[PDB]
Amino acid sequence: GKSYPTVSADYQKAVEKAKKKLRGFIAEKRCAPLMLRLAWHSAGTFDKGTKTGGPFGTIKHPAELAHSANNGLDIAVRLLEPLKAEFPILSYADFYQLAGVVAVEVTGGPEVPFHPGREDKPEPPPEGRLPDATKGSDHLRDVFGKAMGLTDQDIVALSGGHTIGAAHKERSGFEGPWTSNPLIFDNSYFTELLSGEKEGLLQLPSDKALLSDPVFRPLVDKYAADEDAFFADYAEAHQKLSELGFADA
């Protein structure tokens, strides 16, 4: 149910140019996972009943960066500031969601469709909307479904973003990568989740909760068996996530 706003031809030119520059910058800096987390934490605060939070540029504000769920994201913000300054016409909201999309692409992931026009909003959402890694399926549904309005399929597919990157004991407290190849976007997150724990690889309780839920589990299996199906449903879910509250909810 989206109606995307009209942006000027100069705005579109800058999107295109910024997308190319983000590719090169993110690849060189090795920060795709962090950029994906930044985009996801920007968007994931959306509350459908109040139309508050969501991907509207507010993650740049010191007050939002201070949320405990956002430890380490000040690094991402600082890393993007010089590049953003080359594209003064773009909203931060658009810029961060573009950086998220590019992060997925440059690590070998699906091409997530991108539409411009998010406006930067003045007020961050209240803290505490982002998911708790120590919790389980009910919690995931409260956050992704009751607040964000995404589906059970979306929950599982988006969890697969853990296919890139790592936790850090100085940020969340958890430590290490989910996969043996943490700068490669693939279905390995689901193959590891299924195989049991392997030395040196991380599983949050929230990841584990996918295995014992009756709706999540068949999706895990599908994605572990079929990376193409993972990529389709991942791209669908990331697009929806990046558009929460934008161009209609």
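Residue positions are given as counts along the sequence shown, with the first one as 1.
Comparing 1 to 9 with 240 to 248, which has the greater mean CA B-factor as deposited?
Result of the comparison: 1 to 9.
Mean C-alpha B-factor higher for 61 to 69, or for 183 to 191?
In the deposited entry, the stretch with the higher C-alpha B-factor mean is 61 to 69.
Among the candidates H115, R171, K84, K135, give the one with the maximum CA B-factor reported in the record.
Spelled out: the listed residue with the top C-alpha B-factor is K135.
So if I compare the CA B-factors in the entry for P126, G100, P88, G161, which one is the largest?
Among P126, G100, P88, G161, the PDB entry lists the largest C-alpha B-factor for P126.
Classify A14 as lowest, middle or highest third according to the C-alpha B-factor given in the PDB entry, relative to its own chain.
Tercile = lowest for this residue's CA B-factor.
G165 - Cα temperature factor, lowest/middle/highest third of chain:
For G165, whose C-alpha B-factor we compare with every modelled residue in the chain, the answer is the lowest third.
If you rank the chain by CA B-factor, which third does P110 end up in: lowest, middle or highest?
For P110, the deposited C-alpha B-factor lands in the lowest third.
Consider only the C-alpha atoms of the modelled residues in this chain, order them by B-factor as the entry records it, and name the third containing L38: lowest, middle or highest.
Its C-alpha B-factor, which the entry lists for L38, ranks in the lowest third among residues of this chain.
For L22, does the deposited CA B-factor place it in the lowest, middle or highest third of the chain?
Within its chain, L22 is a lowest-third residue by C-alpha B-factor, going by the deposited values.
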